[PDB]
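What's in data-v8.cif: mmCIF, C-alpha atoms and all ligand atoms
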data_entry
loop_
_atom_site.label_atom_id
_atom_site.label_comp_id
_atom_site.auth_asym_id
_atom_site.auth_seq_id
_atom_site.Cartn_x
_atom_site.Cartn_y
_atom_site.Cartn_z
CA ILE A 1 -21.79 -22.31 2.76
CA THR A 2 -22.10 -26.08 2.56
CA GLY A 3 -21.49 -26.54 -1.13
CA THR A 4 -18.88 -27.58 -3.65
CA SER A 5 -15.46 -25.99 -3.98
CA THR A 6 -15.02 -24.22 -7.29
CA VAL A 7 -12.93 -21.57 -9.05
CA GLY A 8 -14.38 -18.28 -10.20
CA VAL A 9 -12.80 -15.59 -12.34
CA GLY A 10 -13.03 -11.83 -11.96
CA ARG A 11 -11.47 -8.39 -12.08
CA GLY A 12 -9.73 -6.66 -9.18
CA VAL A 13 -9.80 -2.99 -8.17
CA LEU A 14 -6.87 -2.19 -10.50
CA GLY A 15 -8.56 -3.97 -13.41
CA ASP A 16 -6.36 -7.06 -13.22
CA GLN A 17 -7.94 -10.43 -13.97
CA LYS A 18 -7.97 -12.94 -11.19
CA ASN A 19 -8.94 -16.50 -10.31
CA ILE A 20 -10.65 -16.83 -6.94
CA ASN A 21 -11.76 -19.81 -4.86
CA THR A 22 -15.52 -19.95 -4.41
CA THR A 23 -18.23 -22.28 -3.13
CA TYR A 24 -21.22 -23.35 -5.20
CA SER A 25 -24.61 -24.02 -3.69
CA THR A 26 -27.38 -22.40 -5.76
CA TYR A 27 -25.20 -19.26 -5.76
CA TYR A 28 -21.43 -18.99 -6.05
CA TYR A 29 -20.12 -17.70 -2.74
CA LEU A 30 -16.83 -15.97 -1.98
CA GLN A 31 -15.87 -18.84 0.26
CA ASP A 32 -12.40 -20.36 -0.11
CA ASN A 33 -12.32 -23.88 1.34
CA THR A 34 -8.73 -24.51 0.26
CA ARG A 35 -7.20 -22.48 3.11
CA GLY A 36 -7.66 -23.56 6.72
CA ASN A 37 -11.20 -23.23 8.05
CA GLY A 38 -12.00 -20.86 5.21
CA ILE A 39 -11.70 -17.41 3.77
CA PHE A 40 -15.15 -15.77 3.59
CA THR A 41 -15.81 -12.38 2.02
CA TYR A 42 -18.92 -10.36 2.79
CA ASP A 43 -20.86 -7.48 1.31
CA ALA A 44 -21.45 -4.70 3.86
CA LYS A 45 -23.68 -2.96 1.28
CA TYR A 46 -22.51 0.59 2.10
CA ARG A 47 -23.66 0.17 5.70
CA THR A 48 -21.65 -0.24 8.91
CA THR A 49 -23.41 -3.33 10.25
CA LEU A 50 -20.95 -6.25 10.21
CA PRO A 51 -20.11 -8.65 8.64
CA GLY A 52 -23.04 -8.18 6.26
CA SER A 53 -24.00 -10.84 3.71
CA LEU A 54 -21.73 -13.64 2.51
CA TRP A 55 -20.92 -12.54 -1.03
CA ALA A 56 -23.24 -14.43 -3.38
CA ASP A 57 -22.89 -14.35 -7.18
CA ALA A 58 -25.05 -16.02 -9.85
CA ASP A 59 -22.48 -17.12 -12.47
CA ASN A 60 -19.06 -17.35 -10.76
CA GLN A 61 -17.85 -14.38 -12.84
CA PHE A 62 -16.84 -11.23 -10.94
CA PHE A 63 -16.19 -8.51 -13.53
CA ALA A 64 -18.66 -5.86 -12.35
CA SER A 65 -17.14 -2.75 -10.80
CA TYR A 66 -19.07 -3.56 -7.62
CA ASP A 67 -17.34 -6.96 -7.50
CA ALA A 68 -13.80 -5.56 -7.66
CA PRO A 69 -13.22 -4.81 -3.96
CA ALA A 70 -14.58 -8.24 -3.01
CA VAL A 71 -12.37 -10.06 -5.52
CA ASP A 72 -9.21 -8.42 -4.14
CA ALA A 73 -10.24 -8.71 -0.47
CA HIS A 74 -10.84 -12.42 -1.03
CA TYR A 75 -7.76 -13.04 -3.18
CA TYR A 76 -5.22 -11.10 -1.11
CA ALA A 77 -6.55 -12.69 2.06
CA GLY A 78 -5.53 -15.93 0.35
CA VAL A 79 -2.06 -14.65 -0.54
CA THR A 80 -1.50 -13.41 3.01
CA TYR A 81 -2.58 -16.78 4.36
CA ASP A 82 -0.14 -18.49 2.00
CA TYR A 83 2.66 -16.23 3.16
CA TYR A 84 2.25 -16.99 6.87
CA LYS A 85 1.75 -20.69 6.10
CA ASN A 86 4.59 -21.10 3.62
CA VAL A 87 7.17 -18.72 5.06
CA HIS A 88 6.52 -18.86 8.82
CA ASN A 89 4.64 -22.18 9.21
CA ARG A 90 1.83 -20.23 10.86
CA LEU A 91 -1.68 -21.52 10.23
CA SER A 92 -3.93 -18.45 9.79
CA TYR A 93 -3.80 -15.52 12.20
CA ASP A 94 -4.53 -17.54 15.35
CA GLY A 95 -2.13 -20.33 14.37
CA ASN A 96 -4.93 -22.92 14.26
CA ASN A 97 -6.49 -22.09 10.89
CA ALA A 98 -9.15 -19.66 12.11
CA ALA A 99 -11.49 -18.60 9.32
CA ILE A 100 -10.47 -15.23 7.83
CA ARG A 101 -13.50 -12.96 7.40
CA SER A 102 -13.57 -9.72 5.38
CA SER A 103 -16.30 -7.22 4.57
CA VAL A 104 -16.10 -4.79 1.65
CA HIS A 105 -18.27 -1.81 0.71
CA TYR A 106 -18.18 -0.74 4.34
CA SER A 107 -20.01 2.58 4.78
CA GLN A 108 -19.85 5.35 2.13
CA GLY A 109 -16.76 7.22 0.98
CA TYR A 110 -14.87 5.44 3.74
CA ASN A 111 -11.14 6.16 3.44
CA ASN A 112 -9.81 3.36 5.62
CA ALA A 113 -9.55 -0.33 6.38
CA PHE A 114 -9.24 -2.09 9.71
CA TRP A 115 -9.20 -5.28 11.73
CA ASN A 116 -12.02 -4.98 14.29
CA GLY A 117 -10.87 -7.82 16.55
CA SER A 118 -12.86 -10.42 14.61
CA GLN A 119 -12.57 -9.61 10.91
CA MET A 120 -11.22 -7.26 8.28
CA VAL A 121 -13.24 -4.31 7.00
CA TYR A 122 -12.58 -2.33 3.80
CA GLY A 123 -14.01 1.01 2.78
CA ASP A 124 -14.37 1.94 -0.90
CA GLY A 125 -12.61 5.27 -0.41
CA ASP A 126 -14.04 8.54 -1.73
CA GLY A 127 -12.46 8.02 -5.16
CA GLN A 128 -10.17 11.01 -4.56
CA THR A 129 -8.05 10.16 -1.52
CA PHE A 130 -8.64 6.41 -1.83
CA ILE A 131 -10.10 3.85 -4.20
CA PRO A 132 -11.30 0.55 -2.65
CA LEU A 133 -8.63 -0.23 -0.10
CA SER A 134 -8.67 -4.00 -0.66
CA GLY A 135 -6.91 -3.20 -3.93
CA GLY A 136 -3.65 -2.80 -2.02
CA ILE A 137 -1.91 -6.04 -1.15
CA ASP A 138 0.19 -4.31 1.52
CA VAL A 139 -3.01 -2.89 3.01
CA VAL A 140 -4.67 -6.33 3.18
CA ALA A 141 -1.59 -7.92 4.67
CA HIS A 142 -1.15 -4.96 7.05
CA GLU A 143 -4.65 -5.43 8.48
CA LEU A 144 -4.44 -9.22 8.57
CA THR A 145 -1.15 -8.91 10.44
CA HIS A 146 -2.97 -6.96 13.19
CA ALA A 147 -4.83 -10.21 13.86
CA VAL A 148 -1.54 -12.10 14.11
CA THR A 149 -0.24 -9.50 16.54
CA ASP A 150 -3.38 -9.58 18.69
CA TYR A 151 -3.20 -13.37 18.98
CA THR A 152 0.52 -13.33 19.80
CA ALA A 153 2.33 -10.31 21.29
CA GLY A 154 -0.94 -8.52 21.99
CA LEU A 155 0.67 -5.09 21.59
CA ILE A 156 -1.56 -2.39 23.08
CA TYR A 157 -2.69 0.05 20.37
CA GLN A 158 -1.24 3.01 22.24
CA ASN A 159 2.03 4.94 22.40
CA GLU A 160 5.21 2.96 21.66
CA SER A 161 3.45 -0.39 22.03
CA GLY A 162 0.96 0.78 19.42
CA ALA A 163 3.68 2.15 17.14
CA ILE A 164 5.40 -1.24 17.18
CA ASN A 165 2.03 -2.85 16.43
CA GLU A 166 1.64 -0.57 13.43
CA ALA A 167 5.23 -1.11 12.29
CA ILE A 168 4.82 -4.90 12.48
CA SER A 169 1.83 -4.62 10.17
CA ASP A 170 3.69 -2.33 7.75
CA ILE A 171 6.70 -4.63 7.86
CA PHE A 172 4.80 -7.82 7.08
CA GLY A 173 2.41 -5.99 4.79
CA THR A 174 5.45 -5.07 2.73
CA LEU A 175 6.95 -8.55 2.97
CA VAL A 176 3.71 -10.05 1.64
CA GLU A 177 3.82 -7.58 -1.24
CA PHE A 178 7.35 -8.76 -2.03
CA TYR A 179 6.14 -12.33 -1.62
CA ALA A 180 3.37 -11.84 -4.20
CA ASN A 181 5.87 -10.01 -6.42
CA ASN A 182 5.39 -4.17 -8.21
CA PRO A 183 6.98 -4.56 -4.78
CA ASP A 184 8.35 -1.62 -2.81
CA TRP A 185 8.91 -0.22 0.70
CA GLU A 186 5.93 2.14 0.42
CA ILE A 187 2.55 1.67 2.09
CA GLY A 188 -0.77 1.89 0.27
CA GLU A 189 0.63 3.24 -2.99
CA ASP A 190 -1.72 1.14 -5.16
CA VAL A 191 -4.97 2.57 -3.73
CA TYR A 192 -3.85 5.97 -2.45
CA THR A 193 -4.67 9.14 -4.39
CA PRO A 194 -5.54 8.23 -7.95
CA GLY A 195 -4.63 11.22 -10.10
CA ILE A 196 -1.36 11.68 -8.22
CA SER A 197 1.34 9.23 -9.26
CA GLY A 198 4.35 8.25 -7.19
CA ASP A 199 3.05 8.88 -3.67
CA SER A 200 1.92 6.70 -0.79
CA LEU A 201 0.45 6.84 2.69
CA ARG A 202 3.70 5.93 4.41
CA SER A 203 7.27 5.18 3.41
CA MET A 204 9.45 2.65 5.19
CA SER A 205 12.55 3.63 3.20
CA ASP A 206 12.09 7.33 3.94
CA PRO A 207 9.32 8.00 6.51
CA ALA A 208 10.20 11.71 6.55
CA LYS A 209 8.98 11.97 2.93
CA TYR A 210 5.47 12.14 4.44
CA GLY A 211 6.47 13.85 7.67
CA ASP A 212 6.87 10.72 9.81
CA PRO A 213 9.87 10.40 12.16
CA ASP A 214 12.91 8.41 11.01
CA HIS A 215 14.68 8.87 14.34
CA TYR A 216 13.75 8.39 17.98
CA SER A 217 14.80 11.98 18.68
CA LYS A 218 12.04 13.14 16.30
CA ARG A 219 9.30 11.01 17.88
CA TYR A 220 5.81 12.36 18.51
CA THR A 221 4.74 12.73 22.15
CA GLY A 222 1.28 14.30 21.85
CA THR A 223 -2.13 12.64 22.24
CA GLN A 224 -3.43 12.43 18.67
CA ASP A 225 -3.48 9.05 16.93
CA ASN A 226 -3.40 7.14 20.24
CA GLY A 227 0.01 8.63 20.95
CA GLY A 228 1.20 8.57 17.34
CA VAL A 229 0.88 4.88 16.52
CA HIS A 230 0.93 5.59 12.75
CA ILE A 231 3.52 8.34 13.17
CA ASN A 232 6.17 6.78 15.40
CA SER A 233 5.90 3.57 13.39
CA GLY A 234 8.23 5.34 10.98
CA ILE A 235 11.09 4.89 13.43
CA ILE A 236 10.64 1.12 13.52
CA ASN A 237 9.85 0.94 9.80
CA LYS A 238 13.12 2.68 8.94
CA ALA A 239 15.00 0.35 11.28
CA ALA A 240 13.38 -2.59 9.51
CA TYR A 241 14.21 -1.18 6.08
CA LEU A 242 17.83 -0.73 7.15
CA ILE A 243 18.04 -4.29 8.46
CA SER A 244 16.82 -5.60 5.11
CA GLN A 245 18.36 -3.23 2.58
CA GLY A 246 21.19 -1.64 4.56
CA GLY A 247 22.36 1.95 4.22
CA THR A 248 23.77 4.84 6.24
CA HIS A 249 21.33 6.83 8.35
CA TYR A 250 22.36 9.83 10.46
CA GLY A 251 25.99 8.76 9.98
CA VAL A 252 25.38 5.18 11.16
CA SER A 253 26.02 2.51 8.54
CA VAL A 254 23.97 -0.68 8.31
CA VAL A 255 24.80 -3.82 6.35
CA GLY A 256 21.60 -5.22 4.86
CA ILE A 257 20.78 -8.91 5.37
CA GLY A 258 17.77 -9.20 3.07
CA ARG A 259 14.02 -9.30 3.49
CA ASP A 260 13.86 -13.04 4.22
CA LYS A 261 16.02 -12.70 7.33
CA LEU A 262 14.24 -9.48 8.32
CA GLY A 263 11.01 -11.48 8.31
CA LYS A 264 12.36 -14.43 10.31
CA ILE A 265 13.83 -12.14 12.97
CA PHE A 266 10.75 -9.95 13.44
CA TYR A 267 8.34 -12.90 13.29
CA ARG A 268 10.32 -14.60 16.04
CA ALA A 269 10.34 -11.33 18.00
CA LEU A 270 6.57 -10.95 17.60
CA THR A 271 5.71 -14.49 18.65
CA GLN A 272 8.40 -15.34 21.24
CA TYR A 273 9.56 -12.15 23.00
CA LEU A 274 7.21 -9.21 22.51
CA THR A 275 4.51 -8.51 25.11
CA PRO A 276 1.49 -6.16 25.19
CA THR A 277 3.46 -3.30 26.81
CA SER A 278 6.78 -3.60 24.95
CA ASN A 279 8.40 -0.28 24.07
CA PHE A 280 10.97 0.46 21.36
CA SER A 281 13.88 -0.44 23.65
CA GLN A 282 12.32 -3.81 24.40
CA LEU A 283 11.66 -4.36 20.69
CA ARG A 284 15.39 -3.81 20.09
CA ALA A 285 16.18 -6.36 22.78
CA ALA A 286 13.67 -8.83 21.30
CA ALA A 287 15.02 -8.40 17.77
CA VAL A 288 18.62 -8.79 18.93
CA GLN A 289 17.72 -11.93 20.88
CA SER A 290 15.71 -13.37 17.99
CA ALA A 291 18.60 -12.83 15.60
CA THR A 292 20.94 -14.40 18.17
CA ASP A 293 18.64 -17.43 18.35
CA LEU A 294 18.51 -17.90 14.58
CA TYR A 295 22.02 -16.89 13.51
CA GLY A 296 24.25 -16.69 16.61
CA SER A 297 25.57 -13.88 18.78
CA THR A 298 28.65 -13.14 16.63
CA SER A 299 26.72 -13.23 13.36
CA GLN A 300 26.40 -10.40 10.83
CA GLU A 301 22.65 -10.58 11.34
CA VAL A 302 22.89 -9.67 15.03
CA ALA A 303 25.34 -6.87 14.19
CA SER A 304 23.01 -5.39 11.55
CA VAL A 305 20.03 -5.44 13.89
CA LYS A 306 22.14 -3.50 16.40
CA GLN A 307 23.38 -1.10 13.72
CA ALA A 308 19.83 -0.44 12.50
CA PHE A 309 18.37 0.38 15.90
CA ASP A 310 21.45 2.50 16.68
CA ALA A 311 20.78 4.38 13.42
CA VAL A 312 17.23 5.35 14.46
CA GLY A 313 18.37 6.19 17.99
CA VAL A 314 16.73 3.29 19.80
CA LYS A 315 19.12 2.04 22.47
CA CA A 401 -21.32 -12.47 -11.61
CA CA A 402 3.85 -1.82 -4.67
CA CA A 403 3.74 -1.16 -1.00
CA CA A 404 -1.38 8.05 -5.60
ZN ZN A 405 -2.57 -0.75 11.23
#
Take the structure from the file and write it as C-alpha cells.
Amino acid sequence: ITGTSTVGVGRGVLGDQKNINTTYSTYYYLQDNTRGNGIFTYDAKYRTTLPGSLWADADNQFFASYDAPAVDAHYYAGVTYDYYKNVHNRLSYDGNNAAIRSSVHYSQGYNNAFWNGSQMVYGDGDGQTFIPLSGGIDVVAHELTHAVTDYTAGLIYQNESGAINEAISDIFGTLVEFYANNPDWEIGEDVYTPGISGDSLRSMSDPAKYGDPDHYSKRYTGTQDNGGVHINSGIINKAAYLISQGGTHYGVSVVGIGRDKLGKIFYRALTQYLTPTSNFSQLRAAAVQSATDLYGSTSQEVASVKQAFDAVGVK
C-alpha cells in the first residue's frame, strides 16, 4: 500500500469502460491516493470475513468479469467522495478525510449491500434479483451516506429515526447519481432485476409504485424491517422529491426549488439539527429551520419545504 500512484483502466458491472486510481508496488492495488486518506477496495472472495484482501492486480487492467464489481465499488466511492467534497465541502464521511473502505464479492448470491459501521460491503446478487450491487451509483452513494449520517446526526436505525436515516441515504444517493449525470428518482434501477426493464427497488417520485407509503397516514407501524425503515422512508423520499421537482400530492401543491437547494437544505438539517432520536415532525422542523438559515423565513424555499411536508401529512 506504500507504492506509486497510477491510473488503471477497466470495465464496470454494466460493461462500461472506466479509469480508476490505483497504487503500484509489485502489484497494482485498488488504492486511490488522490482522495483524502485513501479509497481502498477489497476482495471478500465469496466469504463473509471482512474486509478481505486489498484488491491486487498484475497489469493494471480490470476487464475480467470478476473485476467488474471492484472497479465500480472503487470508482463510485470516488464519485461520492467528490460530491461531498465539491458540493458540501465535507471531507469524506467523517469530515476529516477518513479512508473509505469497500469489500466486493461478499458471500454468495448475496442480494444486498451495506455499511457495517466501518466500511462498505457489496454482494454480487444472485443474477436474477440483483447483479453486483456496486454497479449502481445510487446504491454506492446510499451506503456511503449511512457513514455520513452515523458520524453526524447519528439517526438510530429504528422506527421513524431509522426511516429518516434511510431517506437521507436515498436522497443523497439520488443526488450523487444526478451529480455523476441516466439520472432519475428511482433507487437501484441499474442493478435490480436484469430481465425486467423499467423497475427499481424504491421510487422517490412515486413510492406507492412498489407499495411504499407516500403519506404519513399510510405509514407502517409493525415490527418488520426495524419498524419499517425502508418502508416509511417513502414518506420522506416523496417529500424530498416534491421539494426538488414540485407537484401536487393529495391536493397539496408544491413549488419545486431544484435538486441543488434540496441538497443544501437536507445536508444542513443532517449536520446541524438532526439528532439520533429525531422523528418525522422534528425532521420537518429541522428542514424548515435549515431553509430559513440559507434562504430566509419569507423565502420560496421555506414555503416549499412546508408545502412538501404538508403534502405527505407530516406536521
Ligand atoms: Ca488485470
Ligand atoms: Ca439512473
Ligand atoms: Ca437511481
Ligand atoms: Ca430491473
Ligand atoms: Zn440504507
Within 7 Å of ligand ZN 405 (chain A) (only C-alpha atoms and all ligand atoms), residues as an MDAnalysis selection string: chainID A and resid 114 142:143 146 166 169
Ref. answer, residues at most 7 Å from (6.7, 7.9, 10.1) with all atoms listed in the file, as a count of residues only: 13
Could you please extract the residues within 9 Å of ligand CA 404 (chain A), counting all atoms listed in the file, and hand them back as an mmCIF file with C-alpha atoms, in the coordinates of the input?
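Listing of result.cif after writing:
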data_model
loop_
_atom_site.group_PDB
_atom_site.id
_atom_site.type_symbol
_atom_site.label_atom_id
_atom_site.label_comp_id
_atom_site.auth_asym_id
_atom_site.auth_seq_id
_atom_site.Cartn_x
_atom_site.Cartn_y
_atom_site.Cartn_z
ATOM 1 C CA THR A 129 -8.050 10.160 -1.520
ATOM 2 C CA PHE A 130 -8.640 6.410 -1.830
ATOM 3 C CA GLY A 188 -0.770 1.890 0.270
ATOM 4 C CA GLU A 189 0.630 3.240 -2.990
ATOM 5 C CA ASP A 190 -1.720 1.140 -5.160
ATOM 6 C CA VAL A 191 -4.970 2.570 -3.730
ATOM 7 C CA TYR A 192 -3.850 5.970 -2.450
ATOM 8 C CA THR A 193 -4.670 9.140 -4.390
ATOM 9 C CA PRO A 194 -5.540 8.230 -7.950
ATOM 10 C CA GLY A 195 -4.630 11.220 -10.100
ATOM 11 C CA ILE A 196 -1.360 11.680 -8.220
ATOM 12 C CA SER A 197 1.340 9.230 -9.260
ATOM 13 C CA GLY A 198 4.350 8.250 -7.190
ATOM 14 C CA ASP A 199 3.050 8.880 -3.670
ATOM 15 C CA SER A 200 1.920 6.700 -0.790
ATOM 16 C CA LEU A 201 0.450 6.840 2.690
#
Test item: residues lying within 7 Å of ligand CA 401 (chain A) with all atoms listed in the file, as an MDAnalysis selection string: chainID A and resid 57:63
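Candidate residues A:64, A:126, A:184, A:116 were compared for distance to ligand CA 402 (chain A), and the nearest is A:184, using all atoms listed in the file.
Those residues that approach residue 102 of chain A to within 10 Å, counting only C-alpha atoms, are residues 39, 40, 41, 42, 43, 44, 50, 51, 52, 54, 70, 73, 74, 77, 114, 115, 118, 119, 120, 121, 122, 134, 140 and 144 of chain A; same-chain residues fewer than 6 positions away are not listed.
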Best match for closeness to residue 177 of chain A among A:80, A:297, A:221, A:31, counting all atoms listed in the file: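 Smallest separation from residue 177 of chain A among the options: A:80.
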Shortest interatomic distance to residue 164 of chain A - which of A:307, A:33, A:278, A:48, counting all atoms listed in the file: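 Looking at the shortest contact to residue 164 of chain A, the residue is A:278.
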Interatomic distance (Å, one decimal) between atom CA of residue 92 of chain A and atom CA of residue 267 of chain A: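 Atom CA of residue 267 of chain A lies 13.9 Å from atom CA of residue 92 of chain A.
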Proximity to ligand CA 403 (chain A) - best of A:249, A:295, A:173, A:236, only C-alpha atoms and all ligand atoms: A:173
Atomic separation - atom CA of residue 94 of chain A relative to atom CA of residue 148 of chain A, Å: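 These atoms are spaced 6.3 Å apart.
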Two-atom distance - atom CA of residue 273 of chain A, atom CA of residue 311 of chain A (Å):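 One can read the atom CA of residue 273 of chain A to atom CA of residue 311 of chain A distance as 22.2 Å.
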Residue neighbourhood residue 29 of chain A, 8 Å, all atoms listed in the file, exclusion window fewer than 4 positions, as a VMD selection string: chain A and resid 1 22 to 25 54 to 57
From A:266, A:124, A:68, A:174, residue lying nearest residue 107 of chain A [all atoms listed in the file]: A:124
